[PDB]
Amino acid sequence: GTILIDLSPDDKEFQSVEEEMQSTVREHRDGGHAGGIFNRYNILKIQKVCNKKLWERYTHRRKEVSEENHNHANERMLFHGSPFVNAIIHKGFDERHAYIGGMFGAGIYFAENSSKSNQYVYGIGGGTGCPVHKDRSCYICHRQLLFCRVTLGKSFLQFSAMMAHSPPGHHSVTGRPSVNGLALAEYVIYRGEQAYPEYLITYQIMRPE
Ligand SMILES: Cc1cc(=O)[nH]c2cc(-c3ccc(C(=O)NCCN4CCOCC4)cc3Cl)ccc12
Ligand SMILES: [Zn+2]
């Protein structure tokens, strides 16, 4: 069902997606342990992900959520990093992408900070790092992240000191860091149909000068 269309670096759509990656890197409280040490990326490719069945599945859930929330989908563009990225772009998000031991409950996690999603590219906690060097901070191996369209609807706000159901009468959770004033939010959804993986971004983290 899925086709990938390469965006040209001269295309304005490529450029705003790259801007969103680059501008949302932050420092992490683990000193780079999970995702590596870097302030920016080398973007190698950005592809648009095109799958009619998945798209309709997404917009069908969206209209329902919309209707339950004063005609507001509360739709965002959020990052998602995962070792299952190739599986997500072909078959969609589902329970198997959920984070069972997640702090905001057992759903699928999305981040405003691209560098937060970068931490999960090689699995929970960075796993053992790139397949080739077992290096969580590998500067060589090509990584991939998804930049996804995510329906939040009524989102339950959970302040954090940083597949389950949504809390009653909510469509997602917002995990909002209250200690790190520079950390952006994470959001959790409990239905795969609430996210469409629009862009596949291939990149490397850059060693700082
Ligand atoms: C916060 C956040 C941001 C983000 O961008 N991406 C994330 C990804 C995950 C995530 C969730 C689950 C898994 C996984 O491996 N599940 C299977 C678990 N077991 C079960 C029994 O046997 C097989 C292994 C891997 C990842 Cl990377 C979590 C949080 C985020
Ligand atoms: Zn490597």
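Conventions we followed
- Residues numbered from 1 in each chain as written, not as in the entry; some residues may be left out.
- Chains lettered and ligands numbered in written order.
- Heavy atoms only, no water.
- Donors = N, O, S within 2.8 Å, 3.2 Å for Na, K, Ca; no water.
- Tetrahedral: all angles 85-135°; square planar, octahedral: opposite > 155°, others 65-115°.
- Near = heavy atom within 4 Å.
- Polar contact = N/O pair within 3.5 Å; in protein donor to acceptor, adjacent residues only side chain to side chain.
- Nonpolar A, V, L, I, M, F, W, Y, C, P; charged D, E, K, R; others polar.
- Helix = DSSP H or I, 4+ residues; strand = E, 2+ residues; numbered from the N terminus.
- Buried < 20%, exposed > 50% of the residue type's maximum accessible area, 1.4 Å probe, protein only.
- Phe/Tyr/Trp six-rings, centres within 6.5 Å; stacked < 30°, edge-to-face > 60°.

This entry lists X-ray crystallography as its structure determination method and reports a resolution of 2.1200 Å.

A.B. asks: Honestly, the coordination of the zinc ion (ligand 2) in this entry has me stumped. Any pointers?
C.D. replies: Geometry sets the ideal angles at a metal, namely 109.5 degrees for four tetrahedral donors and 90 or 180 degrees for six octahedral donors. For the zinc ion (ligand 2), every protein donor is listed as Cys-130 (SG), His-133 (ND1), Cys-138 (SG) and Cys-141 (SG), and the spread of their distances is 2.2 to 2.4 Å. Because the angles between the 4 donor atoms bound to the zinc ion (ligand 2) fall within 105 to 115 degrees, the donor set is best described as tetrahedral. Within one chain, the residues serving as donors to the zinc ion (ligand 2) are arranged as C-x2-H-x4-C-x2-C.

A.B. asks: Explain the site of ligand 1 here, please?
C.D. replies: Around ligand 1, 13 residues are found, and the nearest of them are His-80, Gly-81, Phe-84, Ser-117 and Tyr-120. A distance of 2.8 Å separates an oxygen atom of ligand 1 from a polar side-chain atom of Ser-117. Each residue belonging to the shell around ligand 1 can be placed in one class, and the counts come to 7 nonpolar, 5 polar and 1 charged.

A.B. asks: Is there a simple way to explain the environment of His-70 in this structure?
C.D. replies: Summarising the element assignment, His-70 is placed in the loop between α2 (52-67) and β3 (75-80). For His-70, a relative accessible area of 65% translates into the label exposed. In the structure, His-70 is positioned 58 residues away from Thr-128 in sequence and 45 Å away in space, judged by C-alpha atoms.

A.B. asks: Just checking my understanding: could you explain the packing of aromatic side chains for this structure?
C.D. replies: Given two aromatic rings, their pairing is described by the distance between the two centres and the angle made by the two planes. The tally for this structure, following the rule as stated, stands at 11 aromatic pairs. Summarising the aromatic geometry, the rings of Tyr-58 and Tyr-196 are spaced 6.5 Å apart at their centres and angled 50 degrees between planes, so their arrangement reads as tilted. According to the relative accessible area criterion, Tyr-58 is buried, its value standing at 1%. With a relative accessible area of 4%, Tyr-196 lands in the buried category. A centroid spacing of 6.3 Å and a plane angle of 35 degrees characterise the contact between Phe-147 and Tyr-199, whose relative ring orientation is tilted. For the pair shown, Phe-147 and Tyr-199 are each scored as buried.

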